[PDB]
Amino acid sequence: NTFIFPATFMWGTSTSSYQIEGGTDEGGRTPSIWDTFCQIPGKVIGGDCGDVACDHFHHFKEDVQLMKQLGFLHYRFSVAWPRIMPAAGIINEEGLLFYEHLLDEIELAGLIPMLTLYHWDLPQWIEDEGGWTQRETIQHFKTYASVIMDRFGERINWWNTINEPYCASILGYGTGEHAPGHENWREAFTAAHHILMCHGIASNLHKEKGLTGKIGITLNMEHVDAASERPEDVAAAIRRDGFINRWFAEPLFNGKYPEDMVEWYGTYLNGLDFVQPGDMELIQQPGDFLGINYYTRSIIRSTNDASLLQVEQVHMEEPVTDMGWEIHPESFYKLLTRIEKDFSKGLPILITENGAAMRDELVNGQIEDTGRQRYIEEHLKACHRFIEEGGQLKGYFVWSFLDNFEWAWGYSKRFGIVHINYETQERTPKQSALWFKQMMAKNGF
Ligand SMILES: OC[C@H]1O[C@@H](S[C@H]2[C@H](O)[C@@H](O)[C@H](O)O[C@@H]2CO)[C@H](O)[C@@H](O)[C@@H]1O
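Residues numbered from 1 in each chain as written, not as in the entry; some residues may be left out. Heavy atoms only, no water.

The deposited coordinates, according to the entry record, derive from X-ray crystallography at 2.300 Å resolution.

Per the PDB entry, the recorded name for the protein is Beta-glucosidase B, and the organism is Paenibacillus polymyxa. The deposited PDB record carries the title "beta-glucosidase B complexed with thiocellobiose". In its Catalytic activity section, the UniProt entry covering the protein states "Hydrolysis of terminal, non-reducing beta-D-glucosyl residues with release of beta-D-glucose." Reading the Sequence similarities entry of the UniProt record for the protein gives the comment "Belongs to the glycosyl hydrolase 1 family." (UniProt positions renumbered as here; feature names shortened; annotations may be inferred.)

Take a look at the structure:
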């Protein structure tokens, strides 16, 4: 009953720049959309902001060393657009220097980096111009992505372009739940089209510059089950699946948007007027691999309410994380299977994010996060069954090396395998982290 993974399998850990760096107003960095958003009353639990966070801006050498020490060969992180383009066409050298050094430290410990271009921290000055609702924002991205590839690229083995287009567009402009916080479906779908284009943009810059590092986008995806055998519930579930998965996965592989969702979004798509000749072609670039972020499944039922989808999520109080997120490892296996069948059909799949937030309690310098634990192991068995059955899973990055600013949840939630004491900033590996070390050692469990 042991679970062994390929010899070539990629074992990593990942983070996000705004979620851990801190030093928000240091080194030339100008405010990102989240620095603003977090000030809006009621948007983030406790009113928390990304100020300081894990202060990884100052503790990076210790952190990376802590990774090496923890047995990690791969590390996915993101570049804060704000540190690079603090204003229109400027280019802060002090920002690039920070990452360059980070890379010196990474390579010095013998780790393999994966740089994520955009992880939701859009410069405020750009949102002022209209942010993602403006096609003009795409050129701003081109500028940003070009500098990053010119300054590095030779040392970047893996390029992760956009992280969860869904969240940055639907939640950021549609539901108002993520920065910048707009509530306008017309803008959400427009923003979703512009951010997907940026993946194509960075893909074109990639090949144009002749880089050798693999490249790909990351899509957060969730398995969807109908709440009952009732027709409308099955209909509801289909709608949720197209809302989060198909709307972003379809254009990336099939060069088109889900016909049914397009039909359903009626007047909100405004005749799909934000699409221009070439856009879909630009977007349809799977690249070298598909990055996936999975956390939980969705159980849907239908409603006849005033919301966009008219779908209701059943709240399975069953095994759940500190976020109320149900733990259903079977669904992860089911999603991975479905993704290979449609979309990827063979292409290498990479899990750029997977983990959980449980209530942590520090006991005698140790965190017995058995829970987080029963979560990573169980989902890894899911990943093991997908392989063994022919799945193309080539890597897994446990999400959140460090506890961090958990977006709308603020610091009220802990996703790390390394516990952060915010009063002192000291790092203390949790039991799950040690388990992961011994796990990667036997390359299985
Ligand atoms: O904030 C913790 C964790 O969030 C997710 S994305 C998350 C959306 O916030 C939520 O509204 C929706 O129901 O589910 C998705 C995923 O199931 C993000 O991927 C992760 O990086 C972050 O640490």
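From this point, the discussion proceeds with the structure in view.
Visitor: Can you explain the site of the ligand? Please cite residues and give values.
Guide: The environment of the ligand is made up of 13 residues, and the closest members are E164, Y295, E353, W399 and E406. Within the side chain of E353, an N or O atom sits 2.7 Å from an oxygen atom of the ligand. When isolated, the ligand has an accessible area of 530 Å², and the protein chains bury 85% of it. A class-by-class count of the residues in the shell around the ligand yields eight nonpolar, two polar and three charged. (Near = heavy atom within 4 Å. Polar contact = N/O pair within 3.5 Å; in protein donor to acceptor, adjacent residues only side chain to side chain. Areas by Shrake-Rupley, 256 points an atom, 1.4 Å probe, with all protein chains shown as cover. Nonpolar A, V, L, I, M, F, W, Y, C, P; charged D, E, K, R; others polar.)

Visitor: I'd like a description of the side chain of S169, backed by residues and values.
Guide: The residue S169 is located in helix α8 (residues 165-174) in this model. The contact partners of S169, leaving out residues within four places of it in the chain, are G174, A188, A191, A192 and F248. (Helix = DSSP H or I, 4+ residues; strand = E, 2+ residues; numbered from the N terminus. Contact = heavy atoms within 4.5 Å.)

Visitor: Provide a residue-level description of the state of the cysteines, including the pertinent values.
Guide: This structure, assessed with the given rule, holds one disulfide. With its sulfur 2.0 Å from that of its partner, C38 forms a disulfide with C49. The S-S bond linking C38 to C49 shows a torsion near 100°; that makes this disulfide right-handed. With a gap of eleven residues between them, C38 in the loop between α2 (33-37) and α3 (56-69) and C49 in the loop between α2 and α3 connect regions that are remote in the sequence. When its relative accessible area of 2% is taken as the criterion, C38 is described as buried. You can see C54 has no disulfide; the closest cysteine sulfur is in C49, sitting 15 Å from it. The class for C54 is buried, based on a relative accessible area of 0%. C198 takes part in no disulfide bond, and the closest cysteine sulfur, belonging to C167, lies 16 Å away. Since its relative accessible area comes to 0%, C198 is described here as buried. (Disulfide = S-S within 2.5 Å. Buried < 20%, exposed > 50% of the residue type's maximum accessible area, 1.4 Å probe, protein only.)

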